[PDB]
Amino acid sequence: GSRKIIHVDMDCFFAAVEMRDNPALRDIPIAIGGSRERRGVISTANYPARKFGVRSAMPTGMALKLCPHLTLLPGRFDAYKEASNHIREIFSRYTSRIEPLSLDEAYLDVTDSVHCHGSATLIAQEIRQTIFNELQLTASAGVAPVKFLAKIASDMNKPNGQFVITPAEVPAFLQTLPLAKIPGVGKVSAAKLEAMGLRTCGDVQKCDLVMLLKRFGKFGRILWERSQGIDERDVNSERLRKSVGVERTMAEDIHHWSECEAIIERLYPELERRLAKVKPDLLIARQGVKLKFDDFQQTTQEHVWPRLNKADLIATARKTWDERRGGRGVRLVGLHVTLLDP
């Protein structure tokens, strides 16, 4: 058989919502991210900023060297959720097979759909419109017979465009496709693959699944499959959040437990408020804490626990702080909850 998978990807989503809601930002370089004195990184940038080299996940200090006139914005996450929910409702008009990946992204399985003569190509275009019409935002799409190829294709004609890969086109597409474009093949894995001569899927096809199972475990089976267009993963639509996390990185590092405890005191009510939205009685499976040090090493401590409790989180942080800070500065502290299994 053969499925029809759309990947929809809004363009510069947070920035596109800021330019819609304040046209004064349209053609000057803007970006959502913390200030440099807040030691932030960029979340998303508009195209005027990207012309300078401004990218997502870039430290804000670098973003600012590349683009000295960059306007920084702290983000209005209710204004990004209203559009995300709106957009997901537009998806529902065409199919209930919606696997959201983030506020700005979602997979759709439109095989069994019947809205544009089963043309996945025209369903996406109609979805890419509509969104434009009702939200004044643009989106790009990818159409393919499997998830990962649909996601790659959604990058091909960005912004405000789409790209279709048919099963006929798949082996051609795959032959020079760099491995790093595969979701789940990030910096580390790609550098390891490059150091064996493996750069593209074409190179992996010339490999043996047995030896790949040795060098990467069940990741090597994933590499093998993806390099041949194999992606059996189904658009899920039933996925539920499993954890809640609240952490902050301070403008200056902290070196005294009194400072750490003061941070937790501001963090705890925020975690309670967000947990209570999805669990009014605050009953959980595990809770825990996170410290990130001056040199960037990270440690987490968490344990089964039945119900959110501030004092046990302070307690846990005290133990981690004494037992593993070793004199270093601390740049972030976080609280964490693991939700009950349901």
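Residue indices: 1-based, along the sequence shown.
Comparing the deposited coordinates for 196-204 and 140-148, the stretch with the larger average C-alpha B-factor is 196-204. The stretch with the higher mean CA B factor, choosing between 242-250 and 67-75, is 67-75.
The PDB entry assigns its highest CA temperature factor, among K279, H303, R273, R50, to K279.
For the set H256, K181, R226, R266, the PDB entry assigns the largest Cα B-factor to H256.
For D112, the recorded CA B-factor ranks within the highest third of the chain. Only modelled residues enter the ranking. Among all modelled residues in this chain, the alpha-carbon of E105 has a temperature factor (C-alpha) in the lowest third. Sort the chain's modelled residues by C-alpha temperature factor and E169 lands in the middle third, per the entry.
Ranked by C-alpha B-factor against the other modelled residues of its chain, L313 falls in the lowest third. Per the PDB record, residue ranking by Cα B-factor puts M19 in the highest third of the chain.
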